[PDB]
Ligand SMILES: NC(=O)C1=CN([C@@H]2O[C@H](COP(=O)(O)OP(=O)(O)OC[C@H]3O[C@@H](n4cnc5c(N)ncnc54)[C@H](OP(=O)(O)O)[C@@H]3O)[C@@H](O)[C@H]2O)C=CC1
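First, one chain by itself in structure tokens, the form solved without the ligand.
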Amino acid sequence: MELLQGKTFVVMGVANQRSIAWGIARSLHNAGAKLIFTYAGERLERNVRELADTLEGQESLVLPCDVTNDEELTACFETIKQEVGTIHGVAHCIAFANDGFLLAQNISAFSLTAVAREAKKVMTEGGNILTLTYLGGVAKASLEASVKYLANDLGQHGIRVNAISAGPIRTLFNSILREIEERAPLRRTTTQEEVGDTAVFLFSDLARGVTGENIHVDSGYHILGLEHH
């Protein structure tokens, strides 16, 4: 409720109001954070500006940042350095890209390292880098290794690196959702708000001892070992 007061975070991956990243943004906002949003292209630019505009409180920067474009990614964090100086985390949470879910998984896998490289330059007081896998796995193997590499590389600078694995979300197939509602320990599917509230923890000082972790927000389904069912 004031867990994140005084802290500023970059949120990547907002496409519309049902985006997992918009759940993260809403949660971070409610915990008192200032937000900087990125947008890939012209289409998403408007969607992000309009959603950001619906938040009440500290102004939100909205900046271009195609994470597959090294020049633009670098430019984005240069703008951040010049205008706010220090940030306290990045939500690398692109779960759909313009098939679209797989595309986002691949882009997430090969862009995390460069994102962390630029983020380190403006996280001079430490903080957390969050990445997201949406379950709704060559790229997953890659992301897992990258998180461990970056956690080990950046921890000495006070920067934690963690992942959330989010289960299928109805507003994002009916046979898959029914299986989860019937068989997952919590007997329900995941929400964007549940993912966002776990992100609040990971970005907060409560999680200062947690790094290199992959937290499942999937109603417990992961414990069942039903990957190939």
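The term rigid core refers to the maximal set of C-alpha atoms that superpose within 1.5 Å between the two forms. Residue positions are given as counts along the sequence shown, with the first one as 1.
This next part talks about the form deposited with the ligand bound, which is not shown.
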item: Pocket accessibility when the ligand, as posed in the deposited bound form, is superimposed onto this form, judged at 2.4 Å from backbone or C-beta; value: blocked
item: Among 181-189, 37-45, 197-205, 54-62, the region lying within 4.5 Å of the ligand in the deposited bound form by heavy atom distance; value: 37-45
item: In the deposited bound form, residue 20 touching the ligand (heavy atom, 4.5 Å); value: yes
item: The ligand contact at residue 31 in the deposited bound form, heavy atom, 4.5 Å; value: no
item: Touches the ligand in the deposited bound form: residue 14 (any heavy atom, 4.5 Å); value: yes
item: The ligand contact in the deposited bound form: residue 166, any heavy atom under 4.5 Å; value: yes
item: Triplet 95, 107 and 134 all within 4.5 Å of the ligand in the deposited bound form via a heavy atom; value: yes
item: Heavy atom within 4.5 Å of the ligand in the deposited bound form - qualifying residues of 61-75; value: 65, 66, 67, 68
item: Sole residue of 154, 76, 104, 87 shifting 2 angstroms or more in CA between this form and the one not shown, core aligned; value: 104
item: Large Cα shift (2 Å or above) at residue 59 between this form and the one not shown, core-fitted; value: yes
item: Comparison of CA distance in the deposited bound form with shown form for residue 106, residue 78, at least 3 Å; value: closer
item: Direction of C-alpha distance change in the deposited bound form, residue 72 to residue 106 (at least 3 Å); value: closer
